[PDB]
Every structure is written in C-alpha cells, then in structure tokens.
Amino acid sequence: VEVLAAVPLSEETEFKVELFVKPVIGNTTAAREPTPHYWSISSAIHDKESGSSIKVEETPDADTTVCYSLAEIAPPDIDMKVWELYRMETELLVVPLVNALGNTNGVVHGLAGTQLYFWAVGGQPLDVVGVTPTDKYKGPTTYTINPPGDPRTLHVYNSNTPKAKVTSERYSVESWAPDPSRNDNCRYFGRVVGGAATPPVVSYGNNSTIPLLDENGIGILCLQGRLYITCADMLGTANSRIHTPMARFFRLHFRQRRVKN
C-alpha cells in the first residue's frame, strides 16, 4: 500500500455527502441480531427492588448505556485511484432542555453530569480496546458486547486487554475506548467530562471545517471503497435518565488519490 499524488480536484473526481448519525442506547428485549434503540433519552437509572439480587452498578440494564453509533459511506465507483476523505464538517444537533425536564416546587430541573463527545472517521472499522471502570463491572446481561475477561484484571491496560472492531452498534461507551496503538488510516477525537452535576457546553454552526490530512498531507483512504463513521455523544443525566444530542451531523468531502498497485 504505497500512496502517490492527489488527483486534480475536478467535477467527476470530487464527492460530497451529508448525513445525520443517530445516537444509540441499549435494548433490554431479546429478539436474529439485537435491535438498537435510537433514543436521545435513556431509561431511568435506579437500584432494583429490595429483594432482587441484581446489582445495577455491576450489571446495568442495556436501557441505561450509550453505545457507539455507526454509519458507512460508499462513494461512487471509479496506477490506481481511490477515494480520499480530506476534510469534513461535523456538528451536534441539540436544543436547550428546560420545560421538558420538569420542576420540584418551581425549582427548574437541568441536564448535567458525566459527558462524552466522540467522533471517528476511517477506511476500516474503529479499533477499540476493552476495559472495566471498576473491579466488579460486567456490563448489561443482554444486548451489549461486553469485554471478555475478569473485571478485576481489566481496569488497567494489560496483555490480557481484549481488542475489537466496532462493527455493530453494541459496544458500550462505558466499556470500550479507542485503541491508540491501532487506528491507522483513521482520525478520531474524544472528550470525557466527569462529575455528577457538570453542565454540558455544546457549540454548533455552519462555517467551520475540520482538516483530516496527516503529517504527509494524506487524508483517510477508502482502500475497500468505504468510509467508516463511528461516533458517540452524551450530555449528562436529567431525572436519572441519560441524554444525548438528537443526532451528529457529518458532511464529508472526498477527492481521488493515486495509490501504487
């Protein structure tokens, strides 16, 4: 895989797509592939009944976790030419939450808490690394693909850390992190904010682009004719339910790249 020069940006050598990627929340019902919930509001987080021996901090309902969202783009068909993602815009679809959250005797409720803002854009699926937040965290007993291994040994990156590729919408954001040792031909960016009551701050607009060229001036190459978008966003909780943007918008700019073959 040797990279040559960019093709002169022409009408039939350029390609643009806009798309909205929906947020994903886990599904407790068992089906045939499990179905994602496209929700921007989860079920309530709460300790189970007195008698029950399910510990919600160890095995939460799939209902109350966010998984990475997925989308694939196959640009039109074309000493070899391949599609190159050289820039993009991405923007969050978001409204302020006030009235919908209710009030306690006129004290307005608000959206706040632990947050994630993540996007990834690559010529193959996102390489991910399996982790536990706690010595006792197993994940949901349905829907989610949980990291294989003893939770007591996975709260640190070690030789037994499991690796995986985000090829379905079943990877919980609380259990899998992007693998910085892999993800070649891929740009990603993530921001985690902790705290129980941390206000989320989101900006959006329509006159701002993200360049995607590396140190050599090479963007993402679609070597198998596909671009893999993977992303996840979490704004905090409100009334014990996790909230998400209504969507993550992408506009992708492709040119053509010469590759030796």
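From 1 onward, residues are counted along the sequence shown.
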### Query
How many residues sit between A197 and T198 in the deposited sequence but have no coordinates: none, 1 to 3, 4 to 9, or 10 or more?
none
#### Entry: Unmodelled deposited residues flanked by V107 on one side and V108 on the other
none
### Query
With respect to the recorded C-alpha B factors, which stretch has the higher mean value, 207-215 or 231-239?
207-215
### Query
Mean C-alpha B-factor higher for 11-19, or for 244-252?
11-19
### Task
Going by the CA temperature factor in the entry, name the top one among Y188, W176, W83, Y117.
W83
## Note on the structure
One of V98, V131, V121, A74 has the largest Cα B-factor in the entry, namely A74
### Task
Taking the chain's C-alpha temperature factors as the reference, tell me which third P125 falls into: lowest, middle or highest.
middle
### Query
Going by what the PDB entry lists, where does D184 fall on CA B-factor within its chain: lowest, middle or highest third?
middle
### Query
Thinking about Cα B factors across the chain, which third does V66 belong to?
lowest
### Message
Split into thirds by Cα B-factor across the chain's modelled residues, where does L111 land: lowest, middle or highest?
### Response
lowest
### Message
Among the modelled residues of this chain, does the Cα B factor of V94 put it in the lowest, middle or highest third?
### Response
lowest
